[PDB]
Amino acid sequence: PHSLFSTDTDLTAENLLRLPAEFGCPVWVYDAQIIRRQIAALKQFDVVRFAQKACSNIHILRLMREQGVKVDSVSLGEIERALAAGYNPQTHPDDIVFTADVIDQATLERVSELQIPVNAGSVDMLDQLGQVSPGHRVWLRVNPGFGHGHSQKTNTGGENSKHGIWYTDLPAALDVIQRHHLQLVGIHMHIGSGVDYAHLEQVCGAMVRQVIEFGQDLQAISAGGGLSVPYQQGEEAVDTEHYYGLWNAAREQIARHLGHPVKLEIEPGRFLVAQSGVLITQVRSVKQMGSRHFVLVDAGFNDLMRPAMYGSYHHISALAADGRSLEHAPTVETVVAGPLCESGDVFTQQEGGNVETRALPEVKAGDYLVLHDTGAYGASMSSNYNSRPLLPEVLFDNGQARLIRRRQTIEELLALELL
């Protein structure tokens, strides 16, 4: 992550300390210039299609669109978000793609009505779309027979994944395409390689193989997402030129097979937005539990779910309430936890649930903690567990912080029940 004192960005110690007083706490903060920087790193690709499930605020989608980035929707709600951010299927038919393994009635009606291209991840879904919208423009998401990581576990590919059309089911997919006269626009894979370039080349090689074997004309291919970001000190950042090298080479073999140019999309979520965001939360209780030193804040797993759900590491900094630097202060092994009435509400824990400590300055109630690199799958995963409201979101653009989401209210949630 970034240092709050080194800061070239707007995410400095001084800027962050003042935010809670103005906008409330806890609160999500993003730096627009960090998103623009991530977008620029993928300028070689023909299309950068943001996976908006990583960070869906409509103002951040507007910023993507401003920069020429298109958008992937995985639900009806995300379609409406893309439309509110100014994407427009009537004038630009490929600015929104609807991607999923399933499609429901309302979404079928919406994609048919607006003619939003559909990336189908199951043969059934392709058939349901085709039956109500003959000749629809589609993509095929293919599961190439393998995923990433432990392969017994829930996966983005392989047999223990729900995602995409199994590669040997392609002929049946073609029958459905032919039955409803569907128009094949492209073939897509989303597996995710991070910085494992050998794995990435297997995905690239599988796309070439499968596209060529399928033997259908198409206009584009997609590399999917899965670019990693270094959440921890010293980890390696993605080399985008290397990603481009490998996927462009795959696109070129395909284009040569087809006898015409083939567009190349990349569909990052995390890479574009993770490092741009932080979460500011106030220390409320500090206590000793046997040999553990506990620091409890006012944000919990309903706000940032990653650590509780996956054991995700997020760098943590402390900000003194009075503003004195804690840059060189002595540290104490600290367990950081939330306000929820649930045992799993601990930000410093490993995959599997083991509690762990973090070297941190010795804060007191009133001080703040900053959780770094929460731009991706932070606010987007939030829940209302413990009847806690969606937090406010703030966007920095060259020194100026602006509210891009107001705090949700308990009244708005009760309105659902006061019928």
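When you see a residue number, it is the position in the sequence shown, counting from 1.
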{"query": "254-262 versus 268-276 - which carries the larger mean C-alpha B factor in the record", "finding": "254-262"}
{"query": "Per the entry, higher mean C-alpha B factor between 408-416 and 1-9", "finding": "1-9"}
{"query": "Candidate set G77, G147, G225, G300 [ranked by C-alpha B-factor, highest]", "finding": "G147"}
{"query": "Top residue by Cα temperature factor, when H188, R324, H163, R81 are compared in the entry", "finding": "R324"}
{"query": "Third of the chain's Cα B-factor distribution that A40 belongs to, per the entry", "finding": "highest"}
{"query": "Cα B factor band for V27 (lowest, middle or highest third within the chain)", "finding": "lowest"}
{"query": "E66 CA temperature factor, ranked by third within the chain", "finding": "highest"}
{"query": "Third assignment of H92 from its chain's C-alpha B-factors", "finding": "middle"}
{"query": "Among modelled residues of the same chain, the CA temperature factor third for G245", "finding": "middle"}
